[PDB]
Ligand SMILES: *[C@@H]1O[C@H](CO)[C@@H](O)[C@H](O)[C@H]1NC(C)=O
Ligand SMILES: *[C@@H]1O[C@H](CO)[C@@H](O)[C@H](O)[C@H]1NC(C)=O
Ligand SMILES: *[C@@H]1O[C@H](CO)[C@@H](O)[C@H](O)[C@H]1NC(C)=O
Ligand SMILES: *[C@@H]1O[C@H](CO)[C@@H](O)[C@H](O)[C@H]1NC(C)=O
Ligand SMILES: *[C@@H]1O[C@H](CO)[C@@H](O)[C@H](O)[C@H]1NC(C)=O
Ligand SMILES: *[C@@H]1O[C@H](CO)[C@@H](O)[C@H](O)[C@H]1NC(C)=O
Ligand SMILES: *[C@@H]1O[C@H](CO)[C@@H](O)[C@H](O)[C@H]1NC(C)=O
Ligand SMILES: *[C@@H]1O[C@H](CO)[C@@H](O)[C@H](O)[C@H]1NC(C)=O
Ligand SMILES: *[C@@H]1O[C@H](CO)[C@@H](O)[C@H](O)[C@H]1NC(C)=O
Ligand SMILES: *[C@@H]1O[C@H](CO)[C@@H](O)[C@H](O)[C@H]1NC(C)=O
Ligand SMILES: *[C@@H]1O[C@H](CO)[C@@H](O)[C@H](O)[C@H]1NC(C)=O
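Protein chains in written order, with this note's numbering: chain E, 1 to 367; chain P, 1001 to 1050; chain Z, 2001 to 2049; chain V, 3001 to 3050; chain F, 4001 to 4100.
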């Protein structure tokens, strides 16, 4: 049902830092008993981590905001009694565009890329159970996937958290990759400090554009929520040094951008450095902004007029004309010609939108 | 001798080594990546031999 | 097909360093400095400050 | 090919060596691990008079 | 279409390669095509095959667009109606058995 929730005390997240968690496996090549340097979108060490709560004291607190999904995220959740049960991925989160829904009910995890109409306040509920109050209809649908669950029954009550669940979500080449690790913890009110490596879980082919995401929470329903918390981090392009063992599992890693000591370790390709003075390189000031500066020409080149002529030329008397002071937009001919031959020699055809030429000549004939 | 060696090492950066251009910037500007790998590899081999 | 006419247009490009006359439809952002960035000046790319 | 005492993961098929070499391969039909050794022996010296 | 099969390749440009289907630059596999004028052409015209003509930007490799929202091809914003300078983004192929 499409029902708003009442009695929540606003969304106000706290912040923390993730010491060494979030290391996963780049690419898919098998490696064992070696040290490699890899460039990829990792979660940098000691990066700020958004913290959200879910508890009742008799003011309720349910944190399900809409967050950005840029280059992938890190998701961790210390939990007791399994309040967190799924996520929503998409770009507009309505009927206009397709969205990805990951939901775990009492026995199975249900994944389907579909065209949902989500409500203002999506959430699940359980008495006994009474769930699926997050959408109204989905209509045209593309993908479906059911496998073994990750989360446990929503019932229960204790005094301390018991399990920590970590997830890494990525979206490359039309593939939704998921990495996970499940560990038992006895922490009270914080994210644990330590190193974690996440193994591949699924490789769902979705083929959708994902920019925004949100979490799905479970209420007990005059409704109450058991104590739970989840943490959000953002991946950034870094260079990491990873160590593989004989099983092909990562056991240690260093972030080559954290500090000068990690820089020296990454430069020397070793996890330990002897006493002395070492020449380091590339202190990792990686750029994060891209700028473009182009001239003030705005009128479009007369490709339609050139291609629309009644007669072109004879091949022995081919006509040559110069094109200048315009914008070369080949997309305006897509409804007219459908070029049967398009071959470029000095440039790549995909780089034409990024290039500016001093002068251009056009030769026309019919063969 | 030492100064001349360093100066020659610097001046060797303008060699094409068989690529379209010796400037790395105007290879990634004009060529799509999988086609640009060939030129980049030639430049890497030459500059690594130097 | 093979005895039917085909209209052939061949374009010759000239980069040079003179002011550009034909450009792509890319949109221009505002300029920032004193910061290591990726830039694109008339099709010439790079990284620096 | 010979019989090997190495233990593979239940879903593994190949075993790689330090110098990016194939060490042991699991037979697809009879699920046993066979180690691979080159048949060329290095370290043969020929002692001859003229 | 017959003249757009060359666009099913890594690194190509065109409406097919920019608006409805793109291949990754590191693609590993094979591309297979064959003429199907025998059972995909109808005497009156087969208009059940559709392609996208307008999009705000090119799509990523192996990405799919399903949305059918009106495309704003003019300065003034439009509504669910096409009207002027705003078009339905999807157009239908025209397949006749006598087509060249
Ligand atoms: C929930 O509240 C919002 C505004 O606070 C409103 O727009 C929306 O319609 C409400 N939900 C339902 C199901 O009416
Ligand atoms: C990272 O978090 C731990 C746990 O709260 C904290 O002790 C440590 O100081 C944090 N790191 C930094 C650099 O402050
Ligand atoms: C961590 O980053 C967030 C991002 O907005 C910021 O609000 C917070 O103040 C930062 N905390 C620290 C300790 O730098
Ligand atoms: C999505 O929901 C809205 C509101 O109920 C409706 O107007 C729209 O037609 C729906 N989309 C589809 C494709 O049915
Ligand atoms: C969970 O979802 C699956 C869908 O495959 C369904 O078969 C099953 O009955 C559901 N169980 C509950 C308790 O909702
Ligand atoms: C969308 O739904 C309509 C009606 O169910 C159907 O005719 C059409 O083929 C669907 N489109 C896609 C892309 O699934
Ligand atoms: C990983 O390697 C250890 C030895 O270091 C071995 O005991 C263990 O069984 C291996 N993992 C699995 C899943 O077998
Ligand atoms: C050529 O131009 C005329 C008038 O400008 C126009 O009616 C016609 O559609 C054009 N031809 C093509 C193929 O666009
Ligand atoms: C594209 O050309 C066809 C030719 O039949 C025409 O019907 C259609 O309206 C054109 N589309 C646009 C957006 O002009
Ligand atoms: C494969 O088939 C052969 C021949 O029937 C048999 O000897 C062998 O045990 C089979 N292996 C497996 C794994 O089924
Ligand atoms: C994904 O959706 C956002 C939403 O505005 C859009 O800006 C972006 O261009 C889309 N990406 C692609 C590759 O189409």
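Cβ coordinates follow ideal geometry from the N, Cα and C atoms, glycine included.
How is the alpha helix (DSSP H) around residue 265(E) delimited, first residue to last? 260-268
Let me know if residue 78(E) comes out buried or exposed under the rule of 16 or more other beta-carbons within 10 Å of its beta-carbon. buried
Name the chain E residues whose beta carbon is nearer than 7 angstroms to that of residue 3016(V)? 30 and 32
For ligand 3, which residues have a Cβ under 5 angstroms from at least one heavy atom, in chain order? 15(E) and 48(E)
If you reduce the DSSP assignment to three classes, tell me which class residue 1040(P) lands in. helix
Kindly list, in the order they appear in chain P, the residues whose Cβ is closer than 7 angstroms to that of residue 2011(Z). Correct list: empty, because the minimum Cβ distance to chain P is about 15 angstroms.
What residues in its chain sit with their C-beta under 7 angstroms from that of residue 1068(P), if we drop five residues either side in the sequence? Only positions 1001 to 1050 of chain P appear in the structure, and residue 1068(P) is not among them; the question remains open.
Sufficient close CB pairs (3 or more, under 8 angstroms) joining the segment 326-334 of chain E to the segment 299-306 of chain E: yes
Which runs of the beta strand (DSSP E) at least 3 residues long sit entirely within the segment 157-225 of chain E? Give them in chain order. 163-172, 175-184, 195-197, 199-204 and 212-220
Can you pull the chain F neighbours of residue 1032(P), defined as C-beta to C-beta under 8 angstroms? 4011 and 4025
Beta strand (DSSP E) containing residue 354(E): first to last residue? That residue, residue 354(E), is in no beta strand (DSSP E); it is neither H nor E in DSSP.
Taking 8 angstroms as the cut-off, decide whether the C-beta atoms of residue 249(E) and residue 85(E) are in contact. no
Shorter than 8 angstroms from the beta carbon of residue 1035(P) to some beta carbon of chain E? yes
Which residue wins for smallest C-alpha separation from residue 112(E), given the options 176(E), 96(E) and 59(E)? 176(E)
For residue 2044(Z), return the contacting residues in chain P, with the cut-off set at a CB-CB distance below 9 angstroms. 1025, 1026 and 1029
Counting along the chain, where does the alpha helix (DSSP H) carrying residue 232(E) start and finish? Premise fails: residue 232(E) lies in the beta strand (DSSP E), 228-234, not in any alpha helix (DSSP H).
Could you tell me the alpha carbon to alpha carbon distance between residue 1022(P) and residue 2041(Z), rounded to whole angstroms? 19 angstroms
Relative to the C-alpha of residue 4017(F), which candidate in 4074(F), 4035(F), 4087(F) and 4057(F) has its C-alpha closest? 4057(F)
Alpha carbons only, please: which of 2048(Z), 2038(Z) and 2023(Z) is nearest the one belonging to residue 330(E)? 2023(Z)
Contained alpha helix (DSSP H) runs [length at least 4] in the segment 263-310 of chain E, N- to C-terminal order: 303-307
Along the beta strand (DSSP E) that carries residue 4016(F), what are the first and last residues, could you check? No beta strand (DSSP E) holds residue 4016(F); DSSP gives it neither H nor E.
Sorry if obvious, but does the Cβ on residue 4059(F) come closer than 7 angstroms to a heavy atom of ligand 11? yes
Simplified DSSP state of residue 39(E), which is helix, strand or coil: strand
As a quick exercise: from 69(E), 80(E), 68(E) and 51(E), pick the residue whose alpha carbon is nearest that of residue 225(E). 80(E)
Taking 7 angstroms as the cut-off, is the CB of residue 3029(V) close to at least one heavy atom of ligand 10? yes
Going by C-alpha to C-alpha distance, which of 1040(P), 1018(P), 1012(P) and 1034(P) sits closest to residue 1025(P)? 1040(P)
May I ask you to list, following chain order, the residues of the segment 86-98 of chain E that have a beta carbon less than 8 angstroms from some beta carbon of chain F? 96, 97 and 98
Below-8 angstroms beta-carbon distance, residue 350(E) vs any chain F residue: yes
Got a sec: is the Cβ-Cβ distance from residue 334(E) to anything in chain F below 8 angstroms? yes
Between which two residues does the beta strand (DSSP E) containing residue 2958(V) stretch? This structure gives no information on residue 2958(V), because the portion of chain V shown stretches from 3001 to 3050.
Whose Cβ in chain F lies nearer than 7 angstroms to the Cβ of residue 340(E)? 4003
Using a cut-off of 9 angstroms between C-beta atoms, extract the partners of residue 4062(F) located in chain E. 173, 174, 175, 205 and 207
Kindly indicate the opening and closing residues of the beta strand (DSSP E) around residue 1026(P). It is not in any beta strand (DSSP E) - residue 1026(P) instead sits in the alpha helix (DSSP H) that spans 1025-1028.
At least one CB of chain P closer than 8 angstroms to the CB of residue 360(E): is that the case? no
Quick one, are the C-beta atoms of residue 146(E) and residue 108(E) less than 8 angstroms apart? yes
Neighbourhood of residue 97(E) by C-beta distance below 7 angstroms, restricted to the same chain and skipping five residues each side: 90 and 91
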